[PDB]
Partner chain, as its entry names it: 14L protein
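We begin with a single chain expressed as structure tokens, specifically the form deposited without the partner chain.
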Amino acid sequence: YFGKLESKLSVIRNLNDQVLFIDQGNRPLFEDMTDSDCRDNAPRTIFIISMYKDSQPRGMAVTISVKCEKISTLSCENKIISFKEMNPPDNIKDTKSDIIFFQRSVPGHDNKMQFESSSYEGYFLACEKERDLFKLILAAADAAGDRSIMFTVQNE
């Protein structure tokens, strides 16, 4: 069981310092942005990270959402990343949820974060280059040094 506690606004960057944003097709991408780009493309660049209490504690449980047109919440349902148009719910009945990730400090890096799927243990949010685009994906990662699953989370 997960219960919603408190939320914070944040910008999310991959290790290349590219900013996560929701694009016109409702897909999560990374792009090089100045701070001003970032701010002017709010609310597509400003993510809401909501903390949840967990009846089966395995880390800091969070949802990630964004207010593009309506509020959309990040999902890794069926091991693929997509947005669901929904508010982060007040509670979630199950111990595994496609919208709950565990935010973890990256071992050997105080300031970088990973987001592990609660649904699929050992799978993480990652950045992958695809052609000319940098996409957010769900990836299996076994190694703490894996740079593709490391993010910077800056408050507001």
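Positions refer to the first chain, counted from 1.
Keep in mind that the form solved in complex with the partner chain is missing from the display, and what follows is about it.
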Flag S119 as yes or no: does it have a non-hydrogen atom within 4.5 angstroms of any non-hydrogen atom of the partner chain in the deposited bound form? no
Touches the partner chain in the deposited bound form: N87 (any heavy atom, 4.5 Å): no
Any of the heavy atoms of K96 lying within 4.5 Å of the partner chain in the deposited bound form? no
Non-hydrogen atom contact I64 with the partner chain in the deposited bound form at 4.5 angstroms: no
If you apply a 4.5 angstroms heavy atom cut-off, which residues in 43 to 62 are near the partner chain in the deposited bound form? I49, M51, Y52, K53, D54, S55, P57, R58, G59, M60, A61
